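Heads up, the thing below is written out as structure tokens.
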Amino acid sequence: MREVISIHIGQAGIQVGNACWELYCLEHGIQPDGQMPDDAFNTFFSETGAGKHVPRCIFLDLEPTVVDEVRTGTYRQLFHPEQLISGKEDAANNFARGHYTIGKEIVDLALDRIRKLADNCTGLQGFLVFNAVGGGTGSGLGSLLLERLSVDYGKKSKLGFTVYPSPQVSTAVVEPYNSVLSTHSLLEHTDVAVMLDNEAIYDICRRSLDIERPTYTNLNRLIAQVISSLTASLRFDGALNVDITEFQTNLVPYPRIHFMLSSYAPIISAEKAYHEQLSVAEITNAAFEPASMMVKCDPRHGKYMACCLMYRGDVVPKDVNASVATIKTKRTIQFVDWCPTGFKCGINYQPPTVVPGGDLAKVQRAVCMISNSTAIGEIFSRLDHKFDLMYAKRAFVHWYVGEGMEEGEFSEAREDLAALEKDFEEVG
Amino acid sequence: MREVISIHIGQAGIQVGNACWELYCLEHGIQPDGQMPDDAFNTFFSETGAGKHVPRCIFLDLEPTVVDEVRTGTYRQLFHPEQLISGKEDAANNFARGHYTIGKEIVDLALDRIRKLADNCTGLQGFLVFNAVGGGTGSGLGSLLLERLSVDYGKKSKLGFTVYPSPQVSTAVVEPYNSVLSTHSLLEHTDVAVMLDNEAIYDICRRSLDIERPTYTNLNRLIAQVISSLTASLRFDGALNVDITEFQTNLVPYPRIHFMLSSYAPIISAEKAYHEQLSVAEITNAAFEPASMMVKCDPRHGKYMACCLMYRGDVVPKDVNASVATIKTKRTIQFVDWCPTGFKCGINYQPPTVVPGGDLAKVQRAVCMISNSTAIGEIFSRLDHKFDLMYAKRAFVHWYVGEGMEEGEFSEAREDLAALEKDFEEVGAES
Amino acid sequence: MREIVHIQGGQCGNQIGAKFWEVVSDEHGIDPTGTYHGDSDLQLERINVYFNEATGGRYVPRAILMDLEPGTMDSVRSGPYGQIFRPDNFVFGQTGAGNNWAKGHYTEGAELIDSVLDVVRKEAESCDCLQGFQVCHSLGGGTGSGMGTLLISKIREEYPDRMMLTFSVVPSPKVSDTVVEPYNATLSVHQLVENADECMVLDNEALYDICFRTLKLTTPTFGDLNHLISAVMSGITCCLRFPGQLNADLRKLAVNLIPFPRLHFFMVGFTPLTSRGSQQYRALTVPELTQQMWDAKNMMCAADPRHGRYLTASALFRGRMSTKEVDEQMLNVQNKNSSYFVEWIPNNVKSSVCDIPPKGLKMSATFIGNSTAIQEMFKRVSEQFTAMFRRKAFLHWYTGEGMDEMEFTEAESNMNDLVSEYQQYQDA
Amino acid sequence: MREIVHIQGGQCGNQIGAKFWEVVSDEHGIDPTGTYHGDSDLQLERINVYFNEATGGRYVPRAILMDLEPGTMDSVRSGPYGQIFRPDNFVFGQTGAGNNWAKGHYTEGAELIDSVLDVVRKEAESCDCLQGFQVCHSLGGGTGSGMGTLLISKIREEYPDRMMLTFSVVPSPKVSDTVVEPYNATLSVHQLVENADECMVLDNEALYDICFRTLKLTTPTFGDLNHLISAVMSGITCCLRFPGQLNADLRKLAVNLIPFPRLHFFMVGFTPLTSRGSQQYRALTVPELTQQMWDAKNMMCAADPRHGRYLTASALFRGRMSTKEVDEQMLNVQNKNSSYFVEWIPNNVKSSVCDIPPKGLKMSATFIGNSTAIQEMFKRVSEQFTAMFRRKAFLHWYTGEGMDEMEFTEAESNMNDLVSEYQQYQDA
Amino acid sequence: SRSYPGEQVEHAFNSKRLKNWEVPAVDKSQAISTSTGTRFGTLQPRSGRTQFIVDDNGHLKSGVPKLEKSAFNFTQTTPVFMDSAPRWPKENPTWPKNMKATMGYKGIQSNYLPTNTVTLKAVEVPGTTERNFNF
Amino acid sequence: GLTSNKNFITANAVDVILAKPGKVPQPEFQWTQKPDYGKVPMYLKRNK
Ligand SMILES: Nc1nc2c(ncn2[C@@H]2O[C@H](COP(=O)(O)OP(=O)(O)OP(=O)(O)O)[C@@H](O)[C@H]2O)c(=O)[nH]1
Ligand SMILES: Nc1nc2c(ncn2[C@@H]2O[C@H](COP(=O)(O)OP(=O)(O)OP(=O)(O)O)[C@@H](O)[C@H]2O)c(=O)[nH]1
Ligand SMILES: Nc1nc2c(ncn2[C@@H]2O[C@H](COP(=O)(O)OP(=O)(O)O)[C@@H](O)[C@H]2O)c(=O)[nH]1
Ligand SMILES: Nc1nc2c(ncn2[C@@H]2O[C@H](COP(=O)(O)OP(=O)(O)O)[C@@H](O)[C@H]2O)c(=O)[nH]1
Ligand SMILES: [Mg+2]
Ligand SMILES: [Mg+2]
């Protein structure tokens, strides 16, 4: 009844889709063979007339080399085969091919799947978009897919958990280009867009979890922990139940500013749990810790326009109000004047779940923080520098203008960042 | 009392009649040897003095090479051999041969057999005509048969399921001529026509059944399913019974516009069935989906004028009503203004039957949607443009003029088709 | 029903008929004693298209062997399958034709035709519904060409409604077996334009390449080329003899191919043909067949399709195959090579199929194409004719038979008109 | 999906093509008989990138062997893995090429071309979705340089969308197999600039050093060098053939590499390479690989990158490894040795990885880098060319084939504008 | 087609409660002249003499003000609301594009049988026709 | 020598600036908008 639709685009979108959908199948006792040995699974599934629970997700991509693994992996009986969409060839780290050449003959094929995937929902909250900004399929198909959604749904809430090009660590040379073009395309079409970088989560894996051989399957396991902690109120009881509609309202001051930060606490090894107590005050303190941010942005250079908190486990409301009061007494944290408020809160009586073979520790308190800081103008600016740096010689452009783009879409997409940059200062 | 007569002309006619009758015998428990181990078979069969159920069909053709396969097959004890009608020589993909030269020798025996077949009938509902437009026999001989049937009965109702010449996939080169000729000939005589295309059904078999190499028999299985769904209400109980006259009246708005599309849902594989739920709302959405149309027409290039739906199995009228209301509220479905109404719905308690060694999956709900849209203007334009491109040079015309025709028949047919497409334009235009 | 009577005129005619009736006989499992010894009943259902039941269960062909110089008929009476023919269907003349079109058409022909026609009628009324005639020729000689055409122009009046086929072996400048070929060619062609419904033109050139390149044969003897010609003649009448999910009798193959009453010159090719070395690298699929049959190397005539534009084409597949795979291959061709097909014919290929492959294979195909490159066969001949007739060499061998000279201009003009018919419809 | 097709032009191309297919065939575990006798299902998953099914489960390569002097096509037919090619895909000529670019590109090329294009299309249609072509040249001789580029300048007009590589072996500055070698180079370079998307340059000299310094080999045979070239050609398509936590198709590797359509001259290096002595002292870690590949010794072309400035680079790793370690390593390189990298490209590396190493190893790597030191090569050949061309030495050989003198100046100046593009873009 | 207000049962007939979140088509209800102009208002009465504007076969008989090219929904004006899904006889990344066919030419033309391979020549003599086909 | 002495930087910039955007897939042509959709064609007159 409290239903959502989860979309995964590109390789990253699918590489996290394996993580999250391994979590939920575990969080509701769902065997990988569909069935299990109500109103709980109905948020992410569809109990057919006899036994089996089909997930209400859609894995969209162009390279066959990832979706076939899912078709041969253990989670192959799960997905309706028509949901897993895969093409012949990919966009090849090029925004045009994902936006003008290849994307245009598969969107409607995805829409027919999304169409029939929205009707079986009796109460819809909103779409969840997992994106990979910096590639061709994620940045190209994604932006093209959202506009087709905005004309088809318009008012519905579309969230974006868009992984973002890291400052130093980078596995691409053209990723400044297809990132800029992505934002100006999603800026007017996503309702709210969370950000997160692969490097910022690498250090989390270094300091806290103390894993020195980290891989992507060590990061995607950290993202599923966020959303499981974000959509607990949709499927689990607990005081201060909070849905998605009430999430964008008290968090997005202007129609432009919807780029936000994320955090999580605690994040500890299996053994230091036997060295700690994890009081609720300690958690929310470490939640505001810049070192616990999932983006390589520094909040201590800017001010907070809003905050959102999702607690979980053994938490009672007096201490949330007691400890938040303390953080508002601290001075390292600032708030822009025109929001004396700023703390939407949430509780859940279902502690986070642990995965066999995972790296987290069994705990009973946790916090997933989401904030809209004005310091997010710094990570924004570098993309405007490297774009402007390469665009002066117009290197690599003969590829974009070779696949159905012209010079307009470059300056067009470049000014909006300038317009958005001043917007991040007009609020000060 | 609820009895119909079936006519399978040309090759594809009997090719699909074989599937329809393997369906009906299995559905009613009739062994291939005529008899089984009332009012349920009487729609399609006739009981002799003891046990034998002979079908009330006719298989008409000009090539012995297929009627003899039928005569030698396992389905040889069924038919009165006088029903299986064959000729010494074929029409050779030539409308003139099928109409003027060859078919006029066996129309006499076809008509007297139809007379003897309709005599035993008490209450006759109508004539089903399974035809394949594009081949000389099919086209010309069906035109001749329909003219004779209209002058004989007139008051009876003729449905014609016409496998239509396809846009690109085509096993012929002259068929743009005989398609126009057959249309101009039968238009005044058929009471309703259901169009369906090999390309569209190929695409359906590809995308739904996961079969990649259908040898003209999967298409026939699908057509058999469609007719079984369409004629259920004649021989099976259920709320909202619907018969042939009710079917044609609220569906044919003008004397000219009587060609209509078709669809079916669900149509899936034995594993997607077992891994899906197929509620009635999903079924109706899939039926009204364009990618389920059995013809190569896109309904989003036009506006509906009426629709007919036949639900089968575990279906409830409130759910039917709610799904139709949802379809109406939807924005991608258009309707020509002068029909605020537009849906004739019927229900049957009998779920669709499955065949041994088949390819569909056992389901409990199914829908056969039949709509009359103003988008078949596009297929008429295609056919007319192809006829034009060819007849601009008088290509192949010597065959038609030698086999007993003249030139004026091409101009009459082309002007009739131009008028028909102008009709399909105007009657849809709104004030 | 649809009986067929078969003529074999000339040495070549009497020689390829020996293979044809050996190929078909094996296909219907009849010993050289005429007794049936097959396995299935599909050999008995339509046997009456070629044979006549006799006493004791003998099946005797509906053949007619006409030739001067009986020195060839003791060869067919010597071969393994030489005992099956009715000895009264053996019209031979004690004298010869000396490689002269005139005497094979005026002096000696006119002395056998009175008898030959009593043979052809004895087995034209033995049929309930006669389908048509078919002949085999060699346009170079005098017996095959002369008596060949003289026999034809007699059939065209006694049976104008029925259909006449012609497997003419056109001469070629590369294999100059004799000298007076061009005279014997045109004088025969002038008889084929008016008195023939279809005319497949085959050449010893392309009959040699397939043996040297495709079949990689070491010593291609005429006993091996006849194994190639006899293949297509059996590949034609499959739908007449055997069932098929899409049959195609002899007449509908004409109307679907010849738009204007003159262009009855076709071009053939059989598939599949492999070496004994490549049976190891080959797959038995339809796409393999549909590539070899369209390959311009297989065309049994030495006219290159890459210079003309296909008016129409055909394909007679055999074997229990899938019809969708053949309906789209013949479709994918025209879409790609759009220039090599005329535009005032939208879909210019006809496709047949039979469920009964040859006696040894599981899948086989046969091709017929009506291209505008067939003029090249007529350009070369009309050149050598006008080179010598301009000087009137060797002519006293034709006039001495009563012939006039005006028959040498009509026979050439009627060609040069036919050569231009094939160029109007070639828009380059 | 992602089908390739592989060309082998010339003696070298027909001799290193032997080794390439002896590496892949082992990688997918197919016996010299052709039949597959591997272990896992990972072989049969993406076999269709390089092979075609045949009866009885046998895979033949989609290679094309073109070369004059059939005296080499007996060697490949007699090599261990020679019985796997199709006998059709052997286009030879009984005439020699004479180490003359003219006749290889003007006379003897011109008649073999169509006989090769008839072949390439017979396996350009066999593909489901063609990825692109790839060639193995040798810019010294006449077969690889004359028929090589002439084949390219034909492939480019029938398949311009697709993507063609070039593993061109270039002439050597100190080693001179032949005397005319400078001419056959420049006149061939002038073809690669306009009809090649990517072109790696290999020289036998760096192949000799790596064979003497790293491998410490006593007798480097030609069959040993090609074990290096065939090692990197197989190292490109590891993402095409096997899963990987960061896969990279071939197309996305080019766009991230060439900023402008002309600077497609790359530089390769394979790792790890070690004697049978140092296999005792070496550790199989990622910092070992990235140290050896960035060295100025693995550069299989004899140009020193410390004289130029890397525009971009790449790395294709294989073996279950940590995806962070491979990112922080490549991150350090740009920061420590920050002078050899350009300024207007912020992040100028790309990093892929595949879960499947080579058959006999556990971890490997592969390097591609588009430097500006590559202009030292084109300087060397442009000194020897303008030396002997100034006096028309050995010129009567080229002009006898219909060539002229402008065909030299064009090809020379087209190397001068090219050698400055690499210079003006190299701002120290 | 229009949607006339079913007054007491007008609730539970919005698109939402019918599980349709796709920006409902409201013109089918707004073309009507209801009192409040919305789904819940009652409509208006008429005199009801009901003239004709059309002869027997459609084809608006007089100069009735009509919109041309309706009932067609042309491509140049089809908002992204309306859109088609391509079907099989058409290339697309989802279904496989099976193999195609081309014609491969005869070979290198000669005076003997055409061959694919080029051979040496004993008598070069520029511009002369001498071969040894027999080997 | 014939050195060009042109600024390849500016040349490539101008080429990228003034270039055709590329190839986009055209929409499937509609037959409802065929010019003769309503009326009888011309050549039929001369055929009569
Ligand atoms: N958190 C996380 N990020 C990933 C993962 N895999 C790749 N990324 C990052 O996603 C970005 C590119 O990923 P892709 O999905 O391949 O890009 P794309 O949209 O598919 O574009 P194409 O590769 O051209 O098809 C890079 O920045 C990666 O670092 C993963 O497994 N987890
Ligand atoms: N759905 C379906 N279509 C078929 C089948 N067989 C043939 N068709 C189509 O019917 C058309 C030809 O009709 P035919 O009946 O074979 O020709 P005809 O009417 O008998 O005329 P003649 O061949 O001259 O005797 C072709 O377009 C076929 O694609 C079948 O078994 N199923
Ligand atoms: N394919 C084929 N052609 C033949 C054969 N025998 C002769 N030909 C050709 O027949 C031509 C001469 O005609 P021929 O039949 O020998 O003398 P005719 O009796 O006057 O017609 C020559 O071009 C021969 O090459 C044969 O057995 N097979
Ligand atoms: N790596 C490698 N290089 C070779 C080999 N054989 C020849 N080369 C080089 O190829 C160059 C000449 O080209 P070649 O292929 O031999 O003659 P071509 O057919 O006319 O091109 C010479 O510089 C040889 O050194 C080989 O087997 N391996
Ligand atoms: Mg990607
Ligand atoms: Mg027929």
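Residue numbering restarts at 1 for every chain of the structure tokens, chains are lettered A, B, ... in their displayed order, and ligands are numbered from 1 as they appear.
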
Using only C-alpha atoms and all ligand atoms, which protein or nucleic acid residues are at most 8 Å from ligand 1, as a PyMOL selection string? (chain A and resi 9-16+61-63+90-94+131-141+163-166+170-172+175+197-198+215-217+219-220+223) or (chain D and resi 245-249+252)

Write a file of the just-selected residues containing N, CA and C atoms, as a compact mmCIF listing (two decimals), in the first residue's frame.
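Result file is out21.txt:
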```txt
# COMPACT_ATOMS: atom_id res chain seq x y z
N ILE A 9 20.11 2.44 -13.36
CA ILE A 9 20.62 2.78 -14.68
C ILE A 9 22.13 2.63 -14.68
N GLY A 10 22.66 2.17 -15.81
CA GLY A 10 24.10 2.05 -15.96
C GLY A 10 24.68 0.93 -15.13
N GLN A 11 26.01 0.80 -15.21
CA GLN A 11 26.69 -0.27 -14.49
C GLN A 11 26.65 -0.03 -12.99
N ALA A 12 26.90 1.20 -12.55
CA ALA A 12 26.82 1.49 -11.12
C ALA A 12 25.42 1.22 -10.60
N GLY A 13 24.41 1.70 -11.31
CA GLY A 13 23.04 1.45 -10.89
C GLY A 13 22.75 -0.02 -10.70
N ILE A 14 23.29 -0.86 -11.57
CA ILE A 14 23.07 -2.30 -11.44
C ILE A 14 24.00 -2.88 -10.39
N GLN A 15 25.23 -2.37 -10.31
CA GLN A 15 26.15 -2.85 -9.29
C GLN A 15 25.68 -2.50 -7.88
N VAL A 16 24.80 -1.51 -7.71
CA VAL A 16 24.23 -1.27 -6.39
C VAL A 16 22.90 -2.02 -6.30
N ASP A 61 20.16 -0.92 -18.73
CA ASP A 61 21.55 -0.75 -19.12
C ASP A 61 21.68 -1.11 -20.59
N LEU A 62 22.86 -0.82 -21.15
CA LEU A 62 23.14 -1.10 -22.55
C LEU A 62 24.16 -2.21 -22.78
N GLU A 63 25.18 -2.33 -21.94
CA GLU A 63 26.09 -3.47 -22.08
C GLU A 63 25.38 -4.74 -21.62
N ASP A 90 26.83 -0.19 -25.96
CA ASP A 90 26.65 0.82 -24.93
C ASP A 90 26.97 2.21 -25.46
N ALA A 91 26.75 3.21 -24.60
CA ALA A 91 26.95 4.60 -24.99
C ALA A 91 28.42 4.97 -25.06
N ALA A 92 29.30 4.17 -24.46
CA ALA A 92 30.75 4.34 -24.59
C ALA A 92 31.22 5.69 -24.03
N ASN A 93 30.96 5.89 -22.74
CA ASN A 93 31.38 7.07 -21.99
C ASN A 93 31.22 8.34 -22.81
N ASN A 94 29.99 8.54 -23.27
CA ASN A 94 29.67 9.63 -24.18
C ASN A 94 28.23 10.04 -23.91
N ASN A 131 21.63 6.30 -10.22
CA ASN A 131 22.27 6.81 -11.41
C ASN A 131 23.78 6.74 -11.26
N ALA A 132 24.47 6.84 -12.40
CA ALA A 132 25.93 6.85 -12.45
C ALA A 132 26.34 8.04 -13.31
N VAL A 133 26.41 9.22 -12.69
CA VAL A 133 26.81 10.41 -13.44
C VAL A 133 28.29 10.34 -13.73
N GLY A 134 28.65 10.50 -15.00
CA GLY A 134 30.02 10.36 -15.46
C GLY A 134 30.18 9.36 -16.59
N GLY A 135 29.20 8.49 -16.81
CA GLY A 135 29.22 7.56 -17.90
C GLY A 135 28.28 7.95 -19.02
N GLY A 136 28.04 7.01 -19.92
CA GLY A 136 27.15 7.26 -21.03
C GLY A 136 25.73 6.83 -20.75
N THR A 137 25.55 5.60 -20.27
CA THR A 137 24.20 5.10 -20.00
C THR A 137 23.59 5.81 -18.81
N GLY A 138 24.34 5.91 -17.71
CA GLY A 138 23.81 6.56 -16.53
C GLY A 138 23.47 8.01 -16.77
N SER A 139 24.41 8.77 -17.34
CA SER A 139 24.18 10.19 -17.54
C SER A 139 23.31 10.48 -18.76
N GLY A 140 23.40 9.66 -19.80
CA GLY A 140 22.65 9.92 -21.00
C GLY A 140 21.24 9.38 -20.96
N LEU A 141 21.09 8.07 -20.74
CA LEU A 141 19.76 7.49 -20.65
C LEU A 141 18.99 8.04 -19.46
N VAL A 163 25.57 8.65 -7.81
CA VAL A 163 27.01 8.68 -7.56
C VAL A 163 27.63 9.73 -8.47
N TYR A 164 28.69 10.36 -7.99
CA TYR A 164 29.19 11.59 -8.59
C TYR A 164 30.70 11.50 -8.81
N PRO A 165 31.22 12.18 -9.83
CA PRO A 165 32.67 12.14 -10.09
C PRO A 165 33.47 12.68 -8.92
N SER A 166 34.36 11.84 -8.40
CA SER A 166 35.18 12.21 -7.26
C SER A 166 36.23 13.24 -7.67
N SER A 170 39.56 9.14 -10.13
CA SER A 170 38.72 9.26 -11.32
C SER A 170 39.13 8.21 -12.34
N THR A 171 38.15 7.45 -12.82
CA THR A 171 38.36 6.42 -13.83
C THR A 171 37.86 6.87 -15.20
N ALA A 172 38.02 8.14 -15.52
CA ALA A 172 37.57 8.67 -16.80
C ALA A 172 38.30 9.97 -17.09
N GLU A 175 34.70 12.59 -18.12
CA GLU A 175 33.63 12.64 -17.12
C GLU A 175 33.29 14.05 -16.66
N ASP A 197 30.30 10.28 -3.44
CA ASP A 197 31.49 10.04 -4.25
C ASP A 197 32.16 8.75 -3.83
N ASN A 198 32.83 8.11 -4.79
CA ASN A 198 33.46 6.83 -4.50
C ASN A 198 34.66 6.98 -3.58
N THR A 215 36.64 -3.09 -2.41
CA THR A 215 36.18 -3.15 -3.79
C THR A 215 34.81 -2.49 -3.86
N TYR A 216 34.23 -2.47 -5.06
CA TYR A 216 32.92 -1.85 -5.21
C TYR A 216 31.87 -2.62 -4.43
N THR A 217 31.97 -3.94 -4.39
CA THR A 217 31.06 -4.72 -3.57
C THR A 217 31.25 -4.46 -2.08
N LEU A 219 31.44 -1.04 -1.32
CA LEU A 219 30.76 0.25 -1.28
C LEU A 219 29.25 0.09 -1.45
N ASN A 220 28.83 -0.71 -2.42
CA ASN A 220 27.41 -0.90 -2.64
C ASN A 220 26.72 -1.45 -1.40
N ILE A 223 25.66 1.54 0.62
CA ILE A 223 24.54 2.34 0.15
C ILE A 223 23.22 1.68 0.52
N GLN D 245 34.39 -6.08 -12.65
CA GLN D 245 33.76 -5.09 -11.78
C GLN D 245 33.83 -3.68 -12.35
N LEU D 246 34.63 -3.45 -13.39
CA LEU D 246 34.57 -2.22 -14.17
C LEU D 246 34.93 -2.60 -15.61
N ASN D 247 33.90 -2.90 -16.40
CA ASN D 247 34.12 -3.32 -17.78
C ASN D 247 34.22 -2.11 -18.69
N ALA D 248 34.95 -2.28 -19.79
CA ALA D 248 35.17 -1.20 -20.74
C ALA D 248 35.17 -1.76 -22.15
N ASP D 249 34.09 -1.50 -22.89
CA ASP D 249 34.04 -1.85 -24.29
C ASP D 249 35.17 -1.14 -25.05
N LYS D 252 34.44 2.88 -25.88
CA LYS D 252 34.67 3.84 -24.81
C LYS D 252 36.14 3.99 -24.48
```

As a CSV table (one decimal) with N, CA, C and O atoms, in the first residue's frame, which residues of chain F does DSSP assign to alpha helix (DSSP H)?
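The result, written out as out-v3.csv:
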```csv
chain,number,residue,atom,x,y,z
F,8,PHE,N,47.1,24.6,-35.3
F,8,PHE,CA,46.2,23.5,-35.2
F,8,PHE,C,45.2,23.6,-34.1
F,8,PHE,O,44.1,23.1,-34.2
F,9,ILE,N,45.6,24.3,-33.0
F,9,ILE,CA,44.7,24.5,-31.9
F,9,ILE,C,43.4,25.3,-32.4
F,9,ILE,O,42.3,24.8,-32.3
F,10,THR,N,43.7,26.4,-33.0
F,10,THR,CA,42.6,27.2,-33.5
F,10,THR,C,41.8,26.5,-34.7
F,10,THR,O,40.6,26.6,-34.8
F,11,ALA,N,42.6,25.8,-35.5
F,11,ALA,CA,42.0,25.1,-36.6
F,11,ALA,C,41.0,24.0,-36.1
F,11,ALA,O,39.8,23.9,-36.5
F,12,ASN,N,41.4,23.2,-35.1
F,12,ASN,CA,40.6,22.2,-34.6
F,12,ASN,C,39.4,22.8,-33.8
F,12,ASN,O,38.3,22.3,-33.9
F,13,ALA,N,39.6,23.9,-33.1
F,13,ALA,CA,38.5,24.6,-32.5
F,13,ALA,C,37.5,25.1,-33.5
F,13,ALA,O,36.3,24.8,-33.2
F,14,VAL,N,37.9,25.7,-34.6
F,14,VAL,CA,36.9,26.2,-35.6
F,14,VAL,C,36.2,25.0,-36.2
F,14,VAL,O,35.0,25.1,-36.5
F,15,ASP,N,36.9,23.9,-36.5
F,15,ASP,CA,36.3,22.7,-37.1
F,15,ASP,C,35.2,22.2,-36.1
F,15,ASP,O,34.1,21.8,-36.6
F,16,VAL,N,35.5,22.1,-34.8
F,16,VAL,CA,34.5,21.6,-33.9
F,16,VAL,C,33.4,22.6,-33.8
F,16,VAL,O,32.2,22.1,-33.7
F,17,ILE,N,33.6,23.9,-33.9
F,17,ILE,CA,32.6,24.9,-33.8
F,17,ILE,C,31.6,24.7,-35.0
F,17,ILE,O,30.4,24.6,-34.8
F,43,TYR,N,-2.2,9.5,-63.0
F,43,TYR,CA,-1.9,8.6,-64.1
F,43,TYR,C,-3.1,7.7,-64.5
F,43,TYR,O,-3.2,7.2,-65.6
F,44,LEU,N,-4.1,7.6,-63.5
F,44,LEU,CA,-5.3,6.8,-63.9
F,44,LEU,C,-6.0,7.4,-65.0
F,44,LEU,O,-6.7,6.7,-65.8
F,45,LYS,N,-6.0,8.8,-65.1
F,45,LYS,CA,-6.7,9.4,-66.2
F,45,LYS,C,-6.1,9.0,-67.5
F,45,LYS,O,-6.9,8.6,-68.4
F,46,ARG,N,-4.8,9.1,-67.7
F,46,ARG,CA,-4.2,8.7,-69.0
F,46,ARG,C,-4.3,7.2,-69.2
F,46,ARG,O,-4.3,6.8,-70.3
F,47,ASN,N,-4.4,6.4,-68.1
F,47,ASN,CA,-4.7,5.0,-68.3
F,47,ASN,C,-6.1,4.7,-68.9
F,47,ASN,O,-6.2,3.9,-69.8
```

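Residue-level contact on chain A: within 8 Å of chain E, counting only C-alpha atoms, the set is residues 85, 86, 87, 88, 89, 105, 106, 108, 109, 118, 119, 120, 121, 122, 123, 148, 151, 152, 153 and 154 of chain A.
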
Kindly provide, as a ChimeraX atom specification, all nucleotide and amino acid residues lying within 6 Å of ligand 4, counting only C-alpha atoms and all ligand atoms. /D:10-12,15-16,97,99,138,140-144,177,222,225-226

Please identify every residue of chain D that has at least one atom no more than 6 Å from any atom of chain A, counting only C-alpha atoms, and report them as a count of residues only. 12

How far is it from CA of residue 309 (chain B) to CA of residue 239 (chain B), in Å with one decimal?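 These two atoms are separated by 13.2 Å.
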
May I have the residues within 12 Å of residue 384 (chain C) as a list in words, using only C-alpha atoms and disregarding those fewer than 2 positions away in the same chain? residues 171, 172, 173, 176, 179, 180, 181, 182, 183, 184, 185, 186, 377, 378, 379, 380, 381, 382, 386, 387, 388, 389, 390, 391, 393 and 412 of chain C

At a cut-off of 8 Å, using only C-alpha atoms, what residues contact residue 83 (chain A)? Leave out same-chain residues fewer than 4 positions from it and give the result as JSON, numbers by chain. {"A": [57, 58, 59, 79, 113]}

Contacts from chain E to chain D, 8 Å maximum, only C-alpha atoms: show me the residue list as a list in words. residues 96, 97, 98, 99, 100, 101, 102, 104, 105, 107, 108, 116, 117, 118, 119 and 120 of chain E

Extract, using only C-alpha atoms, all DNA, RNA and protein residues at most 8 Å from residue 203 (chain B), discarding same-chain residues fewer than 5 positions from it, and format them as number ranges by chain. E: 87-89

How would the residues just chosen look if you wrote them out with C-alpha atoms as an mmCIF file, in the first residue's frame?
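The result, stored in again-v6.cif:
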```
data_model
loop_
_atom_site.group_PDB
_atom_site.id
_atom_site.type_symbol
_atom_site.label_atom_id
_atom_site.label_comp_id
_atom_site.auth_asym_id
_atom_site.auth_seq_id
_atom_site.Cartn_x
_atom_site.Cartn_y
_atom_site.Cartn_z
ATOM 1 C CA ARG E 87 8.107 -3.928 -33.363
ATOM 2 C CA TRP E 88 10.149 -6.785 -34.761
ATOM 3 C CA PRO E 89 10.725 -6.015 -38.480
#
```
